[PDB]
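Here the sequence shown stands for residues 159 to 178, 185 to 247, 251 to 262, 268 to 403, where the numbers follow the UniProt record's numbering.
Inspection log for the structure reproduced underneath, given as structure tokens.
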Amino acid sequence: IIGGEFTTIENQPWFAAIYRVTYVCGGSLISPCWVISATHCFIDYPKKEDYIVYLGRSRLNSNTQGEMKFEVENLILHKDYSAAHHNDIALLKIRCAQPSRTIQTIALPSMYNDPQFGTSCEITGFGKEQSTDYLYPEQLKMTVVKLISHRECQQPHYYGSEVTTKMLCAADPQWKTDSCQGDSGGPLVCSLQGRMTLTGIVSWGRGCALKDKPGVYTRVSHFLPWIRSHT
């Protein structure tokens with residue numbers, strides 16, 4: 159996360175930290197036994213036995229009191245994935269989670285029901301704090317970005333046709349904060365007025381915190397059938 163602020167797992171209790185031991189990507193707990201993430205995070209090493217998932221963890225290379233460690237019972241990648252990443256969504260069955273103040277599930281959005289453009293949402297992750305950094309932050313971070321309409325993002329100066337209706341763009345009005353390398357798979361959470369909802373999953377972007385290059389997210393409300401038919 160470029161910019162933003164540090165946080166502990168208490169402020170994003172559904173955040174899942176995935177490792178292969186080295187960090188791979190973030191994820192979100194959508195049910196006691198299920199974590200949702202991005203397929204591009206696993207495409208190179210499809211073997212489920214090579215992954216470790218943590219819940220209730222706020223530190224990258226240090227244990228957080230109360231954290232839970234899991235194995236990946238089933239690694240489900242989207243069959244229509246292609247690489251701008253298309254259908255960049257993945258499901259991991261963990262083995268399940270036990271709710272606590274540091275471990276909670278996040279609600280999924282209603283069918284094709286997303287917040288209006290301009291709405292402020294939050295993103296969370298252990299990704300780089302600066303594009304030029306080599307190291308990832310040891311402490312979890314989060315920031316706020318605003319949703320961009322498809323019309324604006326599909327502009328040639330932005331991403332053109334690289335962005336589809338199954339994707340969502342979000343950025344800072346000043347382009348001063350954004351997701352970055354290491355944040356993929358993490359949650360883009362918005363308030364559907366009354367409830368925190370998993371609106372998107374960190375997927376791709378040209379650079380980080382660059383003018384006219386918003387962060388692109390998998391539009392979760394367009395994948396409910398896939399999620400339900402696999403969970």
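Beta carbons are placed, not taken as given, at the ideal position from N, Cα and C, and that holds for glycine.
Residue i versus the options, residue with shortest Cα-Cα distance
i    : options                : result
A251 : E231, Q170, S375, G220 : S375
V361 : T166, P171, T403, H329 : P171
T336 : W347, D344, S321       : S321
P359 : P281, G230, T186, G379 : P281
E168 : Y215, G220, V188       : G220
Rounded distance between the beta-carbons of residue j and residue i, thought under 8 Å
i    : j    : result
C352 : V316 : Going by Cβ atoms, the distance from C352 to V316 rounds to 15 Å, so no, they are not a contact pair.
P210 : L259 : Wrong, their Cβ atoms sit about 12 Å apart, outside the cutoff.
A202 : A279 : Incorrect: roughly 19 Å between the Cβ atoms, too far for contact.
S192 : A174 : 6 Å
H242 : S356 : Incorrect: roughly 14 Å between the Cβ atoms, too far for contact.
Span of the alpha helix (DSSP H) around residue i
i    : result
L396 : 396-402
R391 : Per DSSP, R391 belongs to no alpha helix (DSSP H); it is in the beta strand (DSSP E), 387-391.
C341 : First-last for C341: 339-343, but that is the beta strand (DSSP E), not the alpha helix (DSSP H).
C325 : 322-325
Contact set for residue i: own chain, Cβ-Cβ below 7 Å, skip 5 residues either direction
i    : result
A343 : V317, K318, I320, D350, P386, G387
Buried versus exposed, by CB contacts within 10 Å (16 or more), residue i
i    : result
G299 : buried
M314 : buried
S393 : buried
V217 : buried
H329 : exposed
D286 : buried
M283 : exposed
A247 : exposed
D244 : exposed
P345 : exposed
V185 : exposed
Residue interval of the beta strand (DSSP E) (run including residue i)
i    : result
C268 : Premise fails: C268 is in no beta strand (DSSP E) and is neither H nor E.
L241 : 232-241
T371 : 368-376
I295 : 292-297
Residues near residue i by beta carbon distance below 6 Å, same chain, minus five either side
i    : result
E235 : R262
Cβ-heavy atom distance, residue i to the ligand ATP, below 8 Å
i    : result
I240 : Of the ligands one can find in the structure shown there are none, so the ligand ATP has no counterpart to examine.
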